[PDB]
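Take a look at the structure below.
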Amino acid sequence: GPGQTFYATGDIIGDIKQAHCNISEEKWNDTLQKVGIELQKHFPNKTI
Amino acid sequence: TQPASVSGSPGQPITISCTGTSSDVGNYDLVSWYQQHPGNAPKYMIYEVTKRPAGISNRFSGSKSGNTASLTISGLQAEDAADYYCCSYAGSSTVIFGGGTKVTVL
Amino acid sequence: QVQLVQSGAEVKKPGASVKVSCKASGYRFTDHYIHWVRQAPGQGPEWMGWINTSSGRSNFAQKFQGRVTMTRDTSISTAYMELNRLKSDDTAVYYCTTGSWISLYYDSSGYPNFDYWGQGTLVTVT
Ligand SMILES: *[C@@H]1O[C@H](CO)[C@@H](O[C@@H]2O[C@H](CO)[C@@H](O[C@@H]3O[C@H](CO[C@H]4O[C@H](CO)[C@@H](O)[C@H](O)[C@@H]4O)[C@@H](O)[C@H](O[C@H]4O[C@H](CO)[C@@H](O)[C@H](O)[C@@H]4O[C@H]4O[C@H](CO)[C@@H](O)[C@H](O)[C@@H]4O[C@H]4O[C@H](CO)[C@@H](O)[C@H](O)[C@@H]4O)[C@@H]3O)[C@H](O)[C@H]2NC(C)=O)[C@H](O)[C@H]1NC(C)=O
Ligand SMILES: *[C@@H]1O[C@H](CO)[C@@H](O[C@@H]2O[C@H](CO)[C@@H](O[C@@H]3O[C@H](CO)[C@@H](O)[C@H](O)[C@@H]3O)[C@H](O)[C@H]2NC(C)=O)[C@H](O)[C@H]1NC(C)=O
Ligand SMILES: *[C@@H]1O[C@H](CO)[C@@H](O)[C@H](O)[C@H]1NC(C)=O
């Protein structure tokens, strides 16, 4: 149209790799362990 | 950019420099150094800005100052008369070289 | 010990095409990039291009576009270097080099870590 642009992906320079995310496994499973500690006291004698 | 040749007596260190733009060496520390005897493939002793692979002693040492990268050869011997090339990453997944330097060991 | 085998001499008239074959041994073809280095006699080396051996994506230099193609075969673990419309300045030594480690999470294609070099080939244009 008159005076409007539209921005799009033109090209990719280089190799093509995977977009991702990284968490530490030790810290995350320690966090899940502590959440399980706090969560067993609301559902006693059960495995979550 | 690279000096055409360097000369030196045995038993003393020498320096070979490579000065490039900010996109070549200033932005990225990927600089490498190879030597090539005549009638032979290029060798492999500097890959990162300072690192060395296995099988290479402390004869060679790389460094980067600002917009240039210099390789210092601590001591000299008659084996070190090969032609030395520096190489770097120029951005946009494009790799460039230096051009060459002939070492004249006395 | 890993090793790279390159083809023989290629003597032909200008205007034709040259295929250079590079065969790896001692390591699997999928893990590493393959770069190409052209060295004119009495002249320094010149980078030519890289190929992702895991998928076949390749890139060339800034002035070799339209003349150069990269192919490979992972079954027999080799790469092919096709150059079209050669000139008299194409008489040079061709080197197949092993680059960085191929990883799916970060682009290590442009790393100039040329670990192992092949024996090279000579291409003479009459
Ligand atoms: C998110 O998380 C993911 C997952 O954790 C991240 O993905 C990982 O990121 C890592 C980043 O470093 C990456 O690590 C690389 O691994 C390479 C593979 O080697 C390892 O795995 C194999 C598997 O079999 C083992 O056999 C091997 O022993 C290793 O354990 C390494 O090779 C890489 O190190 C090399 O590259 C760096 C880059 O600068 C160099 O500084 C380093 O010195 C290493 O260089 C050697 O190797 C290169 C190429 O092989 C040579 O050119 C070089 O000369 C060095 O050579 C060595 O060997 C020769 C042999 O003669 C010897 O002479 C010389 O002295 C050296 O010893 C690097 O470490 C992971 O692969 C990657 N993926 C996975 C699945 O983990 C992701 O990045 C994260 N993202 C974010 C944003 O955080
Ligand atoms: C990611 O891609 C972008 C472009 O798609 C790359 O940016 C480009 O980087 C190169 C060198 O780093 C630039 O070339 C330089 O241009 C200046 C000005 O024209 C010139 O004076 C220099 O001599 C050199 O030719 C290029 O202009 C630039 N392009 C853009 C659009 O910014 C970037 O480097 C890539 N990233 C990586 C990590 O490779
Ligand atoms: C539930 O667990 C607590 C602590 O482990 C224990 O004292 C209690 O006896 C358990 N409940 C039953 C019904 O056994």
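Identifiers for the structure tokens are assigned positionally: chains receive A, B, ... in sequence, residues are indexed from 1 per chain, and ligands are indexed from 1 in the order shown.
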Would you mind listing the residues within 12 Å of ligand 3, counting only C-alpha atoms and all ligand atoms, as a PyMOL selection string? chain A and resi 37+40-47
Among chain C, which ones does DSSP assign to strand (DSSP E) (computed from the backbone)? Answer as a VMD selection string. chain C and resid 3 to 6 10 to 12 17 to 25 32 to 39 45 to 51 58 to 60 68 to 73 78 to 84 92 to 101 121 to 125
May I have the residues of chain A within 12 Å of chain B, counting only C-alpha atoms, written as a list in words?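 For chain A, the answer reads residues 11, 12, 13, 14, 15 and 16 of chain A.
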Residues at most 6 Å from residue 125 (chain C), counting only C-alpha atoms, excluding those fewer than 5 positions away in the same chain, as an MDAnalysis selection string? chainID C and resid 11:12 88 91
Would you mind exporting C-alpha atoms of the selected residues as a compact mmCIF listing (two decimals), in the first residue's frame?
# COMPACT_ATOMS: atom_id res chain seq x y z
CA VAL C 11 44.56 -31.48 -16.63
CA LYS C 12 41.95 -30.04 -18.99
CA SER C 88 44.00 -20.45 -16.43
CA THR C 91 45.98 -24.07 -11.60
If you run DSSP on this backbone, which residues of chain B come out as helix (DSSP H, G or I), and could you give them as a PyMOL selection string? chain B and resi 22-26+78-80
Between B:40, B:88, B:101, B:72, which one has atoms that come closest to residue 120 (chain C), using only C-alpha atoms?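 Comparing B:40, B:88, B:101, B:72 against residue 120 (chain C), the winner is B:40.
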Using only C-alpha atoms, select each residue of chain C with any atom at most 8 Å away from an atom of chain A, and give the selection as a count of residues only. 9
Spatial neighbours of residue 71 (chain B), 10 Å, only C-alpha atoms, chain gap at least 5 places, as a VMD selection string: chain B and resid 14 to 18 32 to 33 46 49 to 50 60 to 64 84 86
Contact set, chain C to chain B: 6 Å, only C-alpha atoms, as an mmCIF file with N, CA, C and O atoms, in the first residue's frame:
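What ended up in part-v5.cif:
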data_model
loop_
_atom_site.group_PDB
_atom_site.id
_atom_site.type_symbol
_atom_site.label_atom_id
_atom_site.label_comp_id
_atom_site.auth_asym_id
_atom_site.auth_seq_id
_atom_site.Cartn_x
_atom_site.Cartn_y
_atom_site.Cartn_z
ATOM 1 N N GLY C 44 49.713 -17.470 -1.217
ATOM 2 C CA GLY C 44 49.194 -17.977 0.020
ATOM 3 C C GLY C 44 47.888 -18.732 -0.165
ATOM 4 O O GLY C 44 47.305 -18.761 -1.257
ATOM 5 N N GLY C 110 32.006 -21.523 11.140
ATOM 6 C CA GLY C 110 33.029 -20.582 10.747
ATOM 7 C C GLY C 110 34.307 -20.634 11.541
ATOM 8 O O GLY C 110 35.195 -19.813 11.302
ATOM 9 N N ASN C 113 39.361 -23.929 12.814
ATOM 10 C CA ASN C 113 40.124 -24.985 13.471
ATOM 11 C C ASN C 113 40.344 -26.134 12.490
ATOM 12 O O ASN C 113 39.710 -27.187 12.553
#
Of the residues C:73, C:89, C:46, C:10, which is the one nearest to residue 23 (chain C), using only C-alpha atoms? C:73
Using CA of residue 81 (chain C) and atom 58 (O, counted along the ligand's line) of ligand 1 as the two end points, give the distance in Å to one decimal.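 Separation of CA of residue 81 (chain C) and atom 58 (O, counted along the ligand's line) of ligand 1: 26.4 Å.
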Near ligand 1, 12 Å: chain C residue rows, closest pairs, only C-alpha atoms and all ligand atoms, as JSON lines:
{"residue": "C:1", "atom": "CA", "partner": "ligand 1", "partner_atom_place_in_ligand_line": "61 (O)", "distance": 9.6}
{"residue": "C:2", "atom": "CA", "partner": "ligand 1", "partner_atom_place_in_ligand_line": "61 (O)", "distance": 10.0}
{"residue": "C:27", "atom": "CA", "partner": "ligand 1", "partner_atom_place_in_ligand_line": "24 (O)", "distance": 11.0}
{"residue": "C:28", "atom": "CA", "partner": "ligand 1", "partner_atom_place_in_ligand_line": "24 (O)", "distance": 10.9}
{"residue": "C:30", "atom": "CA", "partner": "ligand 1", "partner_atom_place_in_ligand_line": "24 (O)", "distance": 11.9}
{"residue": "C:31", "atom": "CA", "partner": "ligand 1", "partner_atom_place_in_ligand_line": "18 (C)", "distance": 8.8}
{"residue": "C:32", "atom": "CA", "partner": "ligand 1", "partner_atom_place_in_ligand_line": "50 (O)", "distance": 7.6}
{"residue": "C:33", "atom": "CA", "partner": "ligand 1", "partner_atom_place_in_ligand_line": "49 (C)", "distance": 9.4}
{"residue": "C:34", "atom": "CA", "partner": "ligand 1", "partner_atom_place_in_ligand_line": "49 (C)", "distance": 11.7}
{"residue": "C:97", "atom": "CA", "partner": "ligand 1", "partner_atom_place_in_ligand_line": "52 (O)", "distance": 10.9}
{"residue": "C:98", "atom": "CA", "partner": "ligand 1", "partner_atom_place_in_ligand_line": "52 (O)", "distance": 8.2}
{"residue": "C:99", "atom": "CA", "partner": "ligand 1", "partner_atom_place_in_ligand_line": "52 (O)", "distance": 6.4}
{"residue": "C:100", "atom": "CA", "partner": "ligand 1", "partner_atom_place_in_ligand_line": "49 (C)", "distance": 4.3}
{"residue": "C:101", "atom": "CA", "partner": "ligand 1", "partner_atom_place_in_ligand_line": "49 (C)", "distance": 5.0}
{"residue": "C:102", "atom": "CA", "partner": "ligand 1", "partner_atom_place_in_ligand_line": "71 (O)", "distance": 7.8}
{"residue": "C:103", "atom": "CA", "partner": "ligand 1", "partner_atom_place_in_ligand_line": "71 (O)", "distance": 5.8}
{"residue": "C:104", "atom": "CA", "partner": "ligand 1", "partner_atom_place_in_ligand_line": "73 (N)", "distance": 7.1}
{"residue": "C:105", "atom": "CA", "partner": "ligand 1", "partner_atom_place_in_ligand_line": "77 (C)", "distance": 5.4}
{"residue": "C:106", "atom": "CA", "partner": "ligand 1", "partner_atom_place_in_ligand_line": "78 (O)", "distance": 6.0}
{"residue": "C:107", "atom": "CA", "partner": "ligand 1", "partner_atom_place_in_ligand_line": "78 (O)", "distance": 9.5}
{"residue": "C:108", "atom": "CA", "partner": "ligand 1", "partner_atom_place_in_ligand_line": "38 (C)", "distance": 8.2}
{"residue": "C:109", "atom": "CA", "partner": "ligand 1", "partner_atom_place_in_ligand_line": "49 (C)", "distance": 10.9}
{"residue": "C:110", "atom": "CA", "partner": "ligand 1", "partner_atom_place_in_ligand_line": "38 (C)", "distance": 11.3}
{"residue": "C:111", "atom": "CA", "partner": "ligand 1", "partner_atom_place_in_ligand_line": "38 (C)", "distance": 8.2}
{"residue": "C:112", "atom": "CA", "partner": "ligand 1", "partner_atom_place_in_ligand_line": "52 (O)", "distance": 8.1}
{"residue": "C:113", "atom": "CA", "partner": "ligand 1", "partner_atom_place_in_ligand_line": "52 (O)", "distance": 4.4}
{"residue": "C:114", "atom": "CA", "partner": "ligand 1", "partner_atom_place_in_ligand_line": "52 (O)", "distance": 6.3}
{"residue": "C:115", "atom": "CA", "partner": "ligand 1", "partner_atom_place_in_ligand_line": "52 (O)", "distance": 5.3}
{"residue": "C:116", "atom": "CA", "partner": "ligand 1", "partner_atom_place_in_ligand_line": "52 (O)", "distance": 8.8}
{"residue": "C:117", "atom": "CA", "partner": "ligand 1", "partner_atom_place_in_ligand_line": "52 (O)", "distance": 11.9}
Find the residues around residue 64 (chain C) up to 10 Å (only C-alpha atoms counted), leave out those fewer than 4 positions away in its own chain, and share them as a PyMOL selection string. chain C and resi 48-49+59-60+68-69+83
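Distances to ligand 2 were evaluated for C:124, C:20, C:79, C:62 using only C-alpha atoms and all ligand atoms, and the minimum falls at C:62.
Our summary of the geometry notes that CA of residue 40 (chain C) is positioned 14.8 Å from CA of residue 126 (chain C).
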Residues near residue 118 (chain C), anyone? I mean within 8 Å using only C-alpha atoms, not counting same-chain ones fewer than 3 positions away, as number ranges by chain. B: 41; C: 3-6, 22, 95-97
Would you compute the distance between atom 7 (O, counted along the ligand's line) of ligand 2 and CA of residue 23 (chain B)? Give it in Å to one decimal. 8.9 Å
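Using only C-alpha atoms, the smallest distance between any of C:82, C:38, C:92, C:119 and residue 18 (chain C) comes from C:82.
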